[PDB]
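S.K.: So I've got this file, my_file34.cif, and it contains mmCIF, C-alpha atoms:
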```cif
data_input
loop_
_atom_site.group_PDB
_atom_site.id
_atom_site.type_symbol
_atom_site.label_atom_id
_atom_site.label_comp_id
_atom_site.auth_asym_id
_atom_site.auth_seq_id
_atom_site.Cartn_x
_atom_site.Cartn_y
_atom_site.Cartn_z
ATOM 1 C CA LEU W 1148 14.630 5.243 1.000
ATOM 2 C CA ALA W 1149 14.792 5.090 4.807
ATOM 3 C CA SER W 1150 15.717 8.786 5.083
ATOM 4 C CA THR W 1151 12.864 9.878 2.817
ATOM 5 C CA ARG W 1152 10.299 7.752 4.650
ATOM 6 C CA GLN W 1153 11.328 9.182 8.033
ATOM 7 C CA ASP W 1154 11.374 12.736 6.615
ATOM 8 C CA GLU W 1155 7.828 12.342 5.300
ATOM 9 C CA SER W 1156 6.927 10.736 8.631
ATOM 10 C CA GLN W 1157 7.949 14.021 10.293
ATOM 11 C CA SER W 1158 5.238 15.946 8.408
ATOM 12 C CA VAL W 1159 1.902 17.445 9.439
ATOM 13 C CA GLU W 1160 -0.432 15.788 6.927
ATOM 14 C CA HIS W 1161 0.817 12.343 7.918
ATOM 15 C CA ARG W 1162 0.619 13.012 11.635
ATOM 16 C CA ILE W 1163 -3.025 14.151 11.614
ATOM 17 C CA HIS W 1164 -3.861 10.956 9.708
ATOM 18 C CA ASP W 1165 -2.087 8.921 12.390
ATOM 19 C CA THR W 1166 -3.825 10.618 15.331
ATOM 20 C CA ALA W 1167 -7.270 10.120 13.770
ATOM 21 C CA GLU W 1168 -6.955 6.327 13.685
ATOM 22 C CA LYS W 1169 -5.421 6.280 17.163
ATOM 23 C CA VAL W 1170 -8.308 8.308 18.648
ATOM 24 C CA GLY W 1171 -10.820 6.057 16.866
ATOM 25 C CA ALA W 1172 -9.250 2.926 18.359
ATOM 26 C CA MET W 1173 -9.208 4.535 21.818
ATOM 27 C CA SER W 1174 -12.879 5.538 21.547
ATOM 28 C CA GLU W 1175 -14.067 2.085 20.462
ATOM 29 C CA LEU W 1176 -11.954 0.379 23.137
ATOM 30 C CA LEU W 1177 -13.201 2.808 25.814
ATOM 31 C CA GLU W 1178 -16.841 2.126 24.910
ATOM 32 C CA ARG W 1179 -16.379 -1.665 24.771
ATOM 33 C CA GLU W 1180 -14.450 -1.764 28.065
ATOM 34 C CA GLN W 1181 -16.932 0.533 29.828
ATOM 35 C CA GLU W 1182 -19.681 -1.829 28.650
ATOM 36 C CA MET W 1183 -17.874 -4.817 30.192
ATOM 37 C CA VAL W 1184 -17.050 -3.268 33.577
ATOM 38 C CA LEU O 1148 14.709 33.997 23.803
ATOM 39 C CA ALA O 1149 11.818 33.276 26.182
ATOM 40 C CA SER O 1150 9.390 35.410 24.146
ATOM 41 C CA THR O 1151 10.322 33.709 20.874
ATOM 42 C CA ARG O 1152 10.022 30.216 22.348
ATOM 43 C CA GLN O 1153 6.548 30.952 23.739
ATOM 44 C CA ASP O 1154 5.484 32.598 20.452
ATOM 45 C CA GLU O 1155 6.535 29.522 18.480
ATOM 46 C CA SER O 1156 4.844 27.408 21.155
ATOM 47 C CA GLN O 1157 1.584 29.183 20.249
ATOM 48 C CA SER O 1158 1.714 27.835 16.675
ATOM 49 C CA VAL O 1159 -0.229 25.142 14.826
ATOM 50 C CA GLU O 1160 2.617 22.956 13.551
ATOM 51 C CA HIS O 1161 4.032 22.615 17.057
ATOM 52 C CA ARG O 1162 0.684 21.888 18.659
ATOM 53 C CA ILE O 1163 -0.230 19.010 16.324
ATOM 54 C CA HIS O 1164 3.179 17.487 17.102
ATOM 55 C CA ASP O 1165 2.431 17.778 20.823
ATOM 56 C CA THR O 1166 -1.035 16.198 20.611
ATOM 57 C CA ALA O 1167 0.280 13.228 18.611
ATOM 58 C CA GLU O 1168 2.696 12.142 21.346
ATOM 59 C CA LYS O 1169 0.086 12.773 24.036
ATOM 60 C CA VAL O 1170 -2.510 10.584 22.268
ATOM 61 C CA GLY O 1171 0.115 7.865 21.757
ATOM 62 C CA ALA O 1172 0.962 7.821 25.469
ATOM 63 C CA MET O 1173 -2.744 7.711 26.366
ATOM 64 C CA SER O 1174 -3.380 4.811 23.968
ATOM 65 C CA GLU O 1175 -0.481 2.701 25.256
ATOM 66 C CA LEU O 1176 -1.404 3.420 28.884
ATOM 67 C CA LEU O 1177 -5.081 2.610 28.214
ATOM 68 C CA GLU O 1178 -4.181 -0.744 26.641
ATOM 69 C CA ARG O 1179 -1.715 -1.685 29.405
ATOM 70 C CA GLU O 1180 -4.124 -0.676 32.191
ATOM 71 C CA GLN O 1181 -7.078 -2.459 30.566
ATOM 72 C CA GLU O 1182 -4.875 -5.562 30.383
ATOM 73 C CA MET O 1183 -4.139 -5.350 34.122
ATOM 74 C CA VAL O 1184 -7.702 -4.757 35.345
#
```
The structure in this file should be written as structure tokens.

M.R.:
Amino acid sequence: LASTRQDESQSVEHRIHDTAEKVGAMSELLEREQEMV
Amino acid sequence: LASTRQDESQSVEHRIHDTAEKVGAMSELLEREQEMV
């Protein structure tokens, strides 16, 4: 199971889905922090 | 060899894999720097 989960983790369709959530978190944090400072 | 490596560097499946690591580094650095300031 570990080998299959890492092999599907090395795919394209998973990695776009990861970067979307990461960019969303960065955008919200950037806006909230810029508001504070 | 140099021509083939730059031609595969101009692809889609490589470039998504590059942007994922770059966004991850930016997110971790943003969180650590926001913690410090």

S.K.: Where's the centre, and what are the edge lengths in Å to one decimal, of a box along x, y and z enclosing all listed atoms of range 1170-1175 of chain O padded 3 Å per side, as JSON?

M.R.:
```
{"center_x": -1.2, "center_y": 6.6, "center_z": 24.1, "size_x": 10.3, "size_y": 13.9, "size_z": 10.6}
```

S.K.: Please find the residues of chain O near chain W - the criterion being any atom within 10 Å, counting only C-alpha atoms - and write them as an NGL selection string.

M.R.: :O and (1159-1161 or 1163-1164 or 1166-1171 or 1173-1175 or 1177-1178 or 1181 or 1184)

S.K.: I'd like the interatomic distance between CA of residue 1155 in chain W and CA of residue 1153 in chain O, to a tenth of an Å.

M.R.: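 CA of residue 1153 in chain O lies at a distance of 26.2 Å from CA of residue 1155 in chain W.
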
S.K.: Can you tell me how far CA of residue 1154 in chain W sits from CA of residue 1152 in chain O, in Å to one decimal?

M.R.: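 Those two atoms sit 23.6 Å apart.
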